[PDB]
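Student: Here come the first chain(s), positioned as in the complex:
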Amino acid sequence: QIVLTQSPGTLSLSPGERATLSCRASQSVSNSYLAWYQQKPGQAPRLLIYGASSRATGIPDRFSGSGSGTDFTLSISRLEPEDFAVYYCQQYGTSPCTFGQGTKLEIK
Amino acid sequence: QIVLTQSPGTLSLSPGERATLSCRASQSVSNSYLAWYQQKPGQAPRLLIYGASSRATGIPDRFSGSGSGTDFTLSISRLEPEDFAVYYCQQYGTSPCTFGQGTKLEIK
Amino acid sequence: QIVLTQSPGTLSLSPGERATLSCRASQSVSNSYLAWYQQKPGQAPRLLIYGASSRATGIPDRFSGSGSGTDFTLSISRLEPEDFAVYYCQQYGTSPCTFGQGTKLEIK
Amino acid sequence: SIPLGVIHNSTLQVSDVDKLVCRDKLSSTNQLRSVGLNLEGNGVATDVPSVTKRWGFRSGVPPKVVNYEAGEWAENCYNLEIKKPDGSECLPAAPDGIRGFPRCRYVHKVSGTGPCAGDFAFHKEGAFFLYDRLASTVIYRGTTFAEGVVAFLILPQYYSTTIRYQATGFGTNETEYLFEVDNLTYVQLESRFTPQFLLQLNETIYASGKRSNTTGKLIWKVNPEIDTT
Amino acid sequence: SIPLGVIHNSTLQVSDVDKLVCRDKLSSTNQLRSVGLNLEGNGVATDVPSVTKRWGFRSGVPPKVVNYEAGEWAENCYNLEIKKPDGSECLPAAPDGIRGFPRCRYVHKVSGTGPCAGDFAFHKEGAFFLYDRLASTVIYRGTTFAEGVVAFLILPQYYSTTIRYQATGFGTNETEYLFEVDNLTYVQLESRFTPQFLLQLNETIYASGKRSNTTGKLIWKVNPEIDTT
Amino acid sequence: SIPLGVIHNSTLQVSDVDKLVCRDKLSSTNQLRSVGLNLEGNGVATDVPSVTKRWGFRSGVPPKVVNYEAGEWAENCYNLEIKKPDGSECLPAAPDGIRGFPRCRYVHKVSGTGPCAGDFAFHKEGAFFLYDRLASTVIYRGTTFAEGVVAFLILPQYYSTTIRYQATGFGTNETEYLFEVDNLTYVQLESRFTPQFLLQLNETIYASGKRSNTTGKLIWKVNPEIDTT
Amino acid sequence: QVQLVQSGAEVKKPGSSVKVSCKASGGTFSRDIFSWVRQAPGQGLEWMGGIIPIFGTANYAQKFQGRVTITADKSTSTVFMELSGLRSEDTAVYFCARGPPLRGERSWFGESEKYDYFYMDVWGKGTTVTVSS
Amino acid sequence: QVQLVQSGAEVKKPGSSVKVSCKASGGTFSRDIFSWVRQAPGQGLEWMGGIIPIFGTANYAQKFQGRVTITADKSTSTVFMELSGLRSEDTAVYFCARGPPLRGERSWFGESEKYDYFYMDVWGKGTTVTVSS
Amino acid sequence: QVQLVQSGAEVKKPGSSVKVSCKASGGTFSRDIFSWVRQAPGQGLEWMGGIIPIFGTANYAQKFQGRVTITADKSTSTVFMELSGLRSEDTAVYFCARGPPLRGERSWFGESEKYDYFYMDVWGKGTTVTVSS
Amino acid sequence: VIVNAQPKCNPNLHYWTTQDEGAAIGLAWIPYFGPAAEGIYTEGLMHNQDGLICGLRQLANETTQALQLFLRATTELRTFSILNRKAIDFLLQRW
Amino acid sequence: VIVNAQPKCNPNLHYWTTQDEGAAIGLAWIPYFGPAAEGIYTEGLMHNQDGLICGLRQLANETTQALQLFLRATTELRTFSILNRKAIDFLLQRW
């Protein structure tokens, strides 16, 4: 079992400020098969990134990220008001799919 | 559900004194289909009156009663020592058959 | 049910001293069908005597006993270090087979 | 010992078993037929209160079945579902291969309870119960049948309705039957009633609306003076 | 390939299959009969310890059945109820239509356990087990049968008792049998015993009262010097 | 109405039913044989994606069975285990007496699910499903069969393998099939594949080791340009 | 005059069921309506359920649905009740009772009679049932 | 663009089971991989189990083995999930989701495609299920 | 000299059952009487039940009726016992034992031998069974 | 020959059978496309020409006794052999 | 013709059959009033007239091999057809 932990619990940043989101695994994720999702209250999470670095369909270029091994990062170059969501990391490199607790971006 | 309530809890009267027994329904009893029974300790209740006013078979003329709607009364013109029983009202006008808690006639 | 009680709880005797073991029944044992067994820690009890007085196969002549009715006794003429075991009486004269709580011989 | 009929033309004779009769001809087995006939064609009473008096239960005798290739249409067919007072079934489930009689004007379906002393219900006059293409010595549960006989002859060179009944004491002499109009509505069944009469009563009752429209049941009794059909 | 016997009168010959034999007559099918005979009529030993050595289990071979119309009376019939050590049944339930052999002087009912390697028990000499009017290649559970053969011939122009046994090792060569007198009372079964002997012992034991009258069981062994019957 | 073939020698004619034909001879019933033939002998396509298009479901029609004494060897036999989406069985268990067809070079075993509207699966061209010595109008669950016909003629005076498939949409027109190599390893099944091709692919995959060695499943798709056999 | 005869007192263990019989005598089943009631000491008398043998059907008070079964057998003139899920709270005198159908509507066909559980004219003596261990 | 359509909110009593449907539309079942997840308020989103309709098989997270059944029927383009042993702790929004197979190894035969539960591109709206009495 | 050989130690979870085998060797089943006993640490040795293979029947001490099953199979010379409803209170050393029939009455027919559970001459080594989770 | 002594006789025989032509369409005979079992019967009426129907009813009435004893004496649950046995006795008596 | 070589032969044939008259009462043939199955058998003794019984036992002993192979080769669970097949071969050989 690969256990994922995300940080910071909440990132307090002004709108327009860069967001950096960390996910760290207890074990390496095979093939760097980690995905990130954006969740709003009342909605299913939307896939943003998969395979550590592949941007998901319909996702704006302001969204990026990379990683390998146990260390994965998601970033937003400018966080728009619309992007102050709860973000989750998930790994699918090793069965079962496992996931982090999620972190929040909040307005400063 | 037609709920029947009887009163007084106990009527304290001398032998030979008239007994008046009340039964009041929460809802009207269709066709005035209410019956009264006389119960002794150790015995099944005996039907005295049915259909509000019809005297049951083998019942002495000292037993009477009447009623309609929600208001029914049983009476005994002279209560004999043999009649100091627990009396119950039952309604059968609307299914299920329902019944009162019963009242007692006691010797004064 | 024939209930057997043995005594003393523990017999404290020096090696080489005679051992006397009592078993008393609440009810007579048919045909004097009572048996005695010698048990060591970690081992199944070995039959010593059956039928009150019949010595079991391979048992040394230092072992004896007798009885009838409700009163049965086992004895060892000289108790060797090897014989400081827990002894039990069992009755088979009346079904179910029943047994005593057992007694211990200990070194003084 | 089974006789055969021989049809010369319109003329029918019972075959003489011992005589050679060079006159008789058989060209193929397609001229040999098993035909089932109903007992109603001999005028036997068919109302429910009378038909059940011809049936009864016996133990220790196994069932037997024969086939037939053709048969007639029945005006009156029966279908039974009888239970013991404790809920046990009285009649055995039909084995596969048994299907109900194919053409009935009316089916008298009788459900109910009664004593059932035997293993199987048998016909008392020795008639057979007719199922799809099979004649049986016993009644099978839930399957429509007609009462009848089988002939064995050598040849010359659909809309239907259901009338339901409910009964008690099915297997005895003193029994009672009710005609079912609705789940809560019944009519006392008399021996003088015909299928047509009961159907007219069913139309009368639904049309007038005089049905049970409460929690209890109503039983209508017929006025003895009104005739039937 | 099945031969037929022909009875001319009292004289019986095996029919010559290839020859025309205009001499032979058949007037109806009522002259053709299937008759079952028992193996006891050929002097085969019938005591329980010997009869079971002719039976055994095989897997991968289905059962077959033929009918017969007549047969003889058996002095010795058998009825088996054998279980595997874990309680599984060894023998299949008989299908409907199978009933026990109709006439037996004695029935040797053997209950017990043993290894049962196959699917069915088959006769080792190729004999058939005879049931009511059916000869079967296999033994069915709980149903009385006789051992025998079927002849196929062209014709010329009840009180019984039960002897119970209990056994272990039913399906093997080294087995043991006890004769049951009462629920707690048994007699060692010897191969020299006849049905008559065992019945005399059953009368002797109840009459003398030497039965188990406790919670355990008693087994009597026969004194080898007392003969049988 | 069933025609018979007559073999005079090597010459075969359909018998004239109405003519006497004193020429024809029958000496015993051993000259009358029921022989089953496979449809593959007439060149009908046999691959799984095509064979199932000839089968379908119907309700309200009972099954029928006839026997045959001899038949040919099949190159391609089928064995079905089809369930409804909720786990209910689509096909009935075979009754006793039914055994699979005795000689098949390959058995195409197809398990899976699909809509099953009827009571039984029937052949759409009216062919029979051939079981051990029985031709049936319906398919029985889990039992190997061949498709075919029965002739009825008058006579003149093993190692096999299994190819498994898994499918969805079994009873409809738009269906999908996979060839099973291992529990987690599949190959898309094409209509152009022969049994020989699939077996060569099974050897290729185990030999190269390109199998699923994880928790998920792999499906190989064939390159359209590589031919078959 | 019709009478109802009940079985004598019984004692059951918690978790079991009690079967109480009531024989119809002094008359026959006819078309009469039968019912069962329960009276725990200090309590009034409650309807448990009932049966109408001519239809061969029965029903129950909601509190006893799933616990009470009522059957009858014409050949012995007897009505039976079984109460399952017994607990000490069930100790009571159980009674069988019988009453008439009521007259209903009339038409040209003939007259109607209504069957449901109404008033009871005939009572049994009562069967005392105790549940304990 | 493929979409998943789920049934509306439901309320169940403790001890019962809830069946939630998810219709595949805007595409067909094809060879896609379907799964179900659960998110109780305040919790992250967990995988419950899933199904791959082309094999007609399904599996479950260990905590739901014996409680969750997942089935599908091609003819109605619908995936169903049933969760048994319901308790108030189960109140959550349940979601269906869909994702692609991944490309695998290549050989001379042809190409391989891998089927397991990976990332989800298409999400349903979610079905709220409450367990109470 | 006859000996009894038992299986080794086992650990079971509460609610399950333990099967303990005992092989008869150094002799055959013959007509001997077999039994099982139990001794929890600090306790005396109690009879649980037993079997007499020649009749193929067995019985049990009342406290184990419904919990203990004893069977035997002649072809492997083995007696088996199964104890169900296991709880930690059941931890004990279980033993198999064997003893002779007793001589009974004599008549002109021949001699009687009596079969019941009497004294045990041959003992196995004992199987330790622990129940825990 | 036939006593014809029943209390009543229905002279009209309204009958059904499965002995139809069957073939017509080319698909008619295929179970998959053919009719449900309740629909495979053909029918018609026969009149009591020269007493044929009443004679027929009496024949079946006399036949019943022989048939029941026949069945009692066998073990087959379903006997489909009676007509073939009759064909065999017919030819044996003649040859 | 018949070797008659068994170690022993029981010359007395005590037999049973169902081929009785049946009819007697008028109710005798009705299953409802008739006897239970154990009672529908009739019996008698036959003596070994001119060797008939011992010849018969040997016939059945030789018949067994052909019969078992016959059954092995078929699919019917219960074969009631052997006697009718024999009637057919009898006439075919003669005609």
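Tutor: Cool, got the structure. Numbering: from 1, shown residues only, chains lettered A, B, ... in the order given.

Student: what are the ranges of the strands in the chain?
Tutor: Answering for chain A, as no chain was given. Ranges of strands in chain A, per DSSP state E, are A:4-7, A:10-13, A:19-25, A:34-39, A:46-50, A:54-55, A:63-68, A:71-76, A:86-91, A:98-99, A:103-107.

Student: you looked at the wrong chain, it should be chain G
Tutor: G:3-6, G:10-12, G:18-25, G:33-39, G:46-52, G:57-60, G:68-73, G:78-83, G:92-99, G:102-106, G:111-115, G:122-123, G:127-131.

Student: packing partners for the longest helix along chain D?
Tutor: Criterion DSSP state H: the longest helix present in chain D is helix D:195-208. When contacts are defined as 3 or more CB pairs under 8 Å, 6 or more residues apart in numbering or on different chains; DSSP states H and E, helix D:195-208 packs onto strand D:104-113, strand D:161-168, strand D:176-182, strand D:185-188. All C-beta spots, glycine's among them, are computed from the backbone N, C-alpha and C.

Student: can I get the strands of chain A in TSV with distance to chain H?
Tutor: Formatted as TSV, the entries for these read as follows, by distance: least, CB to the nearest CB, whole Å:
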stretch	distance to chain H
strand A:4-7	10
strand A:10-13	14
strand A:19-25	13
strand A:34-39	4
strand A:46-50	4
strand A:54-55	10
strand A:63-68	14
strand A:71-76	14
strand A:86-91	6
strand A:98-99	6
strand A:103-107	10
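
Student: contacting residues around the longest helix of chain D?
Tutor: Taking contacts as CB atoms under 8 Å, 6 or more residues apart in numbering or on different chains, the residues outside helix D:195-208 that touch it are D:75-76, D:105-106, D:108, D:161, D:163, D:179, D:181-182, D:185, D:187, D:211, D:220, D:228-229, G:107, G:109.

Student: Let's see that with 6 Å instead.
Tutor: Outside helix D:195-208, the residues within contact range by CB atoms under 6 Å, 6 or more residues apart in numbering or on different chains are D:106, D:163, D:179, D:181, D:228, D:229.

Student: before we move on, what about stretch D:40-49?
Tutor: By CB under 6 Å, 6+ apart, the list of residues contacting stretch D:40-49 reads D:76, D:108, D:165, D:177, D:191, J:6, J:7, J:8, J:10, J:57.

Student: Write the ChimeraX selection for whichever of the residues you listed are buried.
Tutor: What follows is the ChimeraX syntax selecting those of the contacts of stretch D:40-49 that are buried according to 16 or more other CB atoms under 10 Å in any protein chain shown:
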select /D:76,108,165,177 /J:10,57
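
Student: In helices only, show me the contacts of stretch D:40-49.
Tutor: For the contacts of stretch D:40-49, secondary structure assignment (DSSP H) places residue J:57 in helices.

Student: Please tabulate the contacts of stretch D:40-49 in TSV, including the columns distance to residue I:8.
Tutor: Output for those, formatted as TSV (distance: CB to CB, whole Å):
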residue	distance to residue I:8
D:76	77
D:108	73
D:165	71
D:177	73
D:191	82
J:6	87
J:7	88
J:8	88
J:10	86
J:57	84
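
Student: Greatest separation within the contacts of stretch D:40-49: which pair is it?
Tutor: Maximum pairwise distance in these, criterion CB to CB, is 29.4 Å, between D:177 and J:57.

Student: next one is chain L, place it on the structure:
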Amino acid sequence: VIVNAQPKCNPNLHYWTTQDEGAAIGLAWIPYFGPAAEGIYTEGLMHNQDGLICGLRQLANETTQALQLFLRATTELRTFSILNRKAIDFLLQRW
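Tutor: Placed with the earlier chains, chain L looks like this:
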């Protein structure tokens, strides 16, 4: 007589049957010692001598329609009677 109009015909008949000799050993015929059912078949090849096999395939193809209607019209679940019925019609037409 036979149109022989199928699109294709396999001229080689590879066949199996149960009609073997059976006997050989003396135990061969006893079910207890004999072969398992998959082993009771005998086989061989037949060539299309003078068109016999292709004529045979066409016969079976024409036979199917009559056979399906025959079965539709009966109640027997398993019909083993067709060959015996044919033997009976053969002799009746001739006698």
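
Student: The contacts of helix D:195-208 with chain L there, same question as before?
Tutor: Where contact means CB under 6 Å, 6+ apart, the residues beyond helix D:195-208 that reach it are D:106, D:163, D:179, D:181, D:228, D:229.

Student: what's around residue G:94, how many residues?
Tutor: Neighbour count of residue G:94, defined by other CB atoms under 10 Å in any protein chain shown: 23.

Student: Tell me if I'm right that it and residue G:127 touch.
Tutor: Yes - under the contact definition of CB atoms under 6 Å, residue G:94 touches residue G:127, with a separation of 5.0 Å.

Student: joint contacts of those two?
Tutor: Counting by CB under 6 Å, 6+ apart, the common neighbours of residue G:94 and residue G:127 are residue G:20.

Student: what's the distance between residue D:178 and residue D:218?
Tutor: Here residue D:178 is placed at a distance of 11 Å from residue D:218 (CB to CB, to the nearest Å).

Student: Identify the residues contacting the residue in chain G that chain D sits nearest to.
Tutor: Residue nearest to chain D within chain G (CB to the nearest CB): residue G:116, separated by 3.0 Å. In this structure, residue G:116 makes contact with residue D:216, judged by CB under 6 Å, 6+ apart.

Student: redo that, cut-off 8 Å
Tutor: The neighbourhood of residue G:116, defined by CB under 8 Å, 6+ apart, consists of B:92, B:95, D:214, D:215, D:216, D:217, G:33.

Student: Max pairwise distance over the contacts of helix D:195-208: which two?
Tutor: With CB to CB as the measure, no two of those lie farther apart than D:181 and D:229, at 17.2 Å.

Student: Looking at those two, which is more packed in?
Tutor: Regarding residue D:181 and residue D:229, a neighbour count based on other CB under 10 Å identifies residue D:181 as having more, with 21 against 10.

Student: Centroid-nearest residue for the chain?
Tutor: With no chain named, the answer covers chain A. Closest residue to the average C-alpha location of chain A: residue A:36 at 3.8 Å, with CA atoms, centre = their mean.

Student: other chain: chain J
Tutor: The residue at the geometric middle of chain J, judged as the C-alpha nearest the mean C-alpha position with CA atoms, centre = their mean, is residue J:17 (8.6 Å).

Student: so that one makes contact with residue J:42?
Tutor: Yes - the criterion here is CB atoms under 8 Å, and residue J:17 meets it with residue J:42 at 6.0 Å.

Student: Give me the distance between the residue nearest the centre of chain D and chain H.
Tutor: Using CA atoms, centre = their mean, the residue of chain D that lies closest to the mean C-alpha position is residue D:146, 3.5 Å off. Distance of residue D:146 to chain H, given as CB to the nearest CB, to the nearest Å: 43 Å.

Student: Check the gap between that residue and chain A for me.
Tutor: 66 Å.

Student: Leaving out the residues flanking it, which one is nearest to residue G:49?
Tutor: Beyond its immediate neighbours in the sequence, the residue positioned closest to residue G:49 (CB to CB, 6 or more residues apart in numbering or on different chains) is residue G:60, lying 3.5 Å away.

Student: Then residue G:90?
Tutor: Using CB to CB, 6+ apart and skipping the chain neighbours, the partner closest in space to residue G:90 is residue G:131 (5.1 Å).

Student: can you check residue J:8 too?
Tutor: Closest residue to residue J:8 apart from its sequence neighbours, by CB to CB, 6+ apart: residue D:43 at 3.0 Å.
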